[PDB]
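Here the structure is laid out as structure tokens; the discussion comes afterwards.
Numbers for residues simply follow the sequence, beginning at 1. Every number for a ligand or one of its atoms is a count from 1 in the order of the listing. The analysis underlying the following values was restricted to heavy atoms, covering all of them including side chains, and did not include hydrogens, waters or symmetry mates.
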Amino acid sequence: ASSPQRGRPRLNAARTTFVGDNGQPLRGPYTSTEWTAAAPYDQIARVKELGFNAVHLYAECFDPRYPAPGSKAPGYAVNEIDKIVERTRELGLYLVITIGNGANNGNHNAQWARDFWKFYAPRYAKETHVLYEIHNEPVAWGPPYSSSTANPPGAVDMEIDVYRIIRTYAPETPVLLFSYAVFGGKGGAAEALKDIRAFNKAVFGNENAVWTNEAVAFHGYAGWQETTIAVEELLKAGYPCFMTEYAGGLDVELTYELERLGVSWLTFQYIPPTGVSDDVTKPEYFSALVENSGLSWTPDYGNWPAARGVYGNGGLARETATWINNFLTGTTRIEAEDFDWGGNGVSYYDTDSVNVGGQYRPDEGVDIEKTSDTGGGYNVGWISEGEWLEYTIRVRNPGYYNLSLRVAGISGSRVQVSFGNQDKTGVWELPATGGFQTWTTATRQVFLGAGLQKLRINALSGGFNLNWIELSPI
Ligand SMILES: O[C@@H]1[C@@H](O)[C@H](O)OC[C@H]1O
Ligand SMILES: O[C@@H]1[C@@H](O)[C@H](O)OC[C@H]1O
Ligand SMILES: [Ca+2]
Ligand SMILES: [Ca+2]
Ligand SMILES: [Ca+2]
């Protein structure tokens with residue numbers, strides 16, 4: 001159609017999340033109209049250059065005293081919400097609208113929430129780019145809301161009543177339920193399933209309803225490890241989900257897991273000029289974290305993050321091994337020839353576009369030949385000054401590691417190795433071995449932070465070949 005406006009997001013084929021009108025997950029930062037003007041058009045537009053296609057809107061903040069004299073009724077920010085709706089429409093962005101809480105996270109006012117959606121549900125029902133998230137963090141702090149001892153009680157009744165209101169006026173609009181603050185472990189999933197069953201019985205007539213246009217909203221405050229478990233278990237039970245608020249700046253580890261699982265996400269960094277957390281346009285809170293980690297997805301707009309991935313290892317970041325007693329739990333060896341794919345100037349830099357060795361990856365630029373070193377396979381050769389190679393890894397535990405390079409060189413050479421774009425080695429002199437297939441292992445101790453990060457080999461000179469890289473904890 002003659003409109004940049006995005007079409008209805010729908011549940012994906014795998015029923016893991018809502019995806020857009022191109023089959024891609026929704027990814028975005030947040031803004032608020034709770035006590036501020038609409039973020040400016042030109043600031044909202046910046047999200048597109050950061051690989052995003054969606055915006056999370058905390059539209060109005062509930063009044064806990066409503067409807068007493070002096071309380072603020074819903075609908076007060078309509079003129080600002082309308083601007084967000086229009087600006088996202090024209091920019092080709094999705095918009096997730098919710099009720100915020102101000103000082104009262106982990107709480108809600110049911111009447112206020114029903115009246116908010118009676119007004120807003122019909123108002124934006126026909127905006128195909130707009131989704132409705134019933135209520136931010138309505139209970140302190142997670143499932144089961146259906147417990148008689150939930151703090152406060154009755155949130156599932158609010159979810160039910162609001163869902164009916166929404167569907168009465170907005171029959172096609174995606175609805176995100178619950179917005180659990182802390183959603184962690186097998187236990188978190190099991191408790192959420194109690195709430196889901198109770199909701200389903202009341203709304204659909206059957207505890208085990210198959211949702212066609214609904215998902216569970218959840219937040220990341222259980223931490224990345226526990227949240228990943230809960231998401232995995234819920235997805236196994238057959239209920240899609242959607243991350244609506246989390247932070248570490250960007251929580252790189254949780255983003256990696258949500259990408260793997262096929263779950264849409266809204267990060268808790270704000271569109272300038274203002275918000276209660278950190279600005280998404282400052283590199284230190286988002287783009288630098290993405291860049292240094294090697295995280296990538298296909299953006300709806302622009303070419304950032306760049307298309308890239310792990311070569312081999314089933315496309316998963318190469319996790320570092322640990323010790324149990326005197327043995328290693330898994331491989332420590334990263335083959336030099338298994339550099340990230342992505343291309344020249346993205347995942348490697350090579351001075352000639354052809355692989356002059358012709359082997360292994362003939363259609364990429366890195367020069368690769370068969371090796372006569374122990375164990376066979378291949379080595380990177382024709383290494384020249386200024387070339388570099390990146391490998392996306394995941395450091396399981398922070399601390400000291402032995403970093404080993406299996407190298408050969410007729411004469412002397414120099415390398416330097418960065419991790420997450422931080423130099424960990426300085427200049428590392430590799431003395432001559434006397435031949436390009438006369439192999440030695442060079443080792444240096446490095447101190448690494450935990451997490452997803454790119455290991456980058458920088459050739460400070462030519463004159464050496466590289467078979468493989470090993471990393472093991474001290
Ligand atoms: O009011 C909102 C609050 O509920 C959430 O914790 O952070 C975003 C705020 O604007
Ligand atoms: O790296 C080596 C290259 O420089 C040499 O000239 O051809 C053989 C390779 O091992
Ligand atoms: Ca080349
Ligand atoms: Ca080369
Ligand atoms: Ca090799």
Q: Go through the structure and list residues passing ring pair (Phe, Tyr, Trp, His ring centres under 6.0 Å) with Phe199, not counting sequence neighbours.
A: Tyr163
Q: Please confirm if an N, O or S atom belonging to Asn467, backbone or side chain, lies less than 3.0 Å from the Ca ion (ligand 5).
A: yes
Q.
With rounding to 10 degrees, what does the angle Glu337:OE2 / the Ca ion (ligand 5) / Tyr378:O come to?
A.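 Angle OE2(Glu337)-the Ca ion (ligand 5)-O(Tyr378): 80°, rounded to 10°.
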Q: Please state whether the rings of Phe18 and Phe242 are parallel, tilted or perpendicular, taking 30° and 60° as the class boundaries.
A: tilted
Q: Taking atom NZ of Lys370 as the centre, report whether more than 12 heavy atoms of other residues, nucleotides or ligands fall under 6.0 Å from it.
A: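 12 or below, so no.
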Q) Would the number of heavy atoms belonging to other residues, nucleotides or ligands and lying under 6.0 Å from CG of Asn303 be above 12? A)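 No, not enclosed.
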Show which side-chain atoms of residues 340-347 pair as donor or acceptor with protein atoms under 3.5 Å away, not counting sequence neighbours.
unit_1: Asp340; atom_1: OD1; unit_2: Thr392; atom_2: N; d: 2.9
unit_1: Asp340; atom_1: OD2; unit_2: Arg308; atom_2: NH2; d: 2.9
unit_1: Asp340; atom_1: OD2; unit_2: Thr392; atom_2: N; d: 3.3
unit_1: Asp340; atom_1: OD2; unit_2: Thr392; atom_2: OG1; d: 2.5
unit_1: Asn344; atom_1: OD1; unit_2: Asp350; atom_2: N; d: 2.9
unit_1: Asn344; atom_1: ND2; unit_2: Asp350; atom_2: O; d: 3.0
unit_1: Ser347; atom_1: OG; unit_2: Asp340; atom_2: O; d: 2.6
unit_1: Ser347; atom_1: OG; unit_2: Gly342; atom_2: N; d: 3.3
unit_1: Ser347; atom_1: OG; unit_2: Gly343; atom_2: N; d: 3.2

Q: Of all N, O or S atoms in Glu335, identify the one at the shortest distance from the Ca ion (ligand 5).
A: OE1
Indicate every side-chain donor-acceptor pair of residues 179-190 with a distance under 3.5 Å to a residue at least two apart or in another chain.
unit_1: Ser179; atom_1: OG; unit_2: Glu133; atom_2: OE2; d: 2.6
unit_1: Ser179; atom_1: OG; unit_2: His135; atom_2: O; d: 3.3
unit_1: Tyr180; atom_1: OH; unit_2: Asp195; atom_2: OD2; d: 2.7

Q.
Taking the ring centre of each residue, are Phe268 and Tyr30 less than 6.0 Å apart?
A. yes
Q: For the Ca ion (ligand 4), report each protein N, O or S atom nearer than 3.0 Å, sorted by chain and then by residue number.
A: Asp350 OD1, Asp350 OD2, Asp367 OD2, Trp382 O, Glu387 OE1, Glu387 OE2
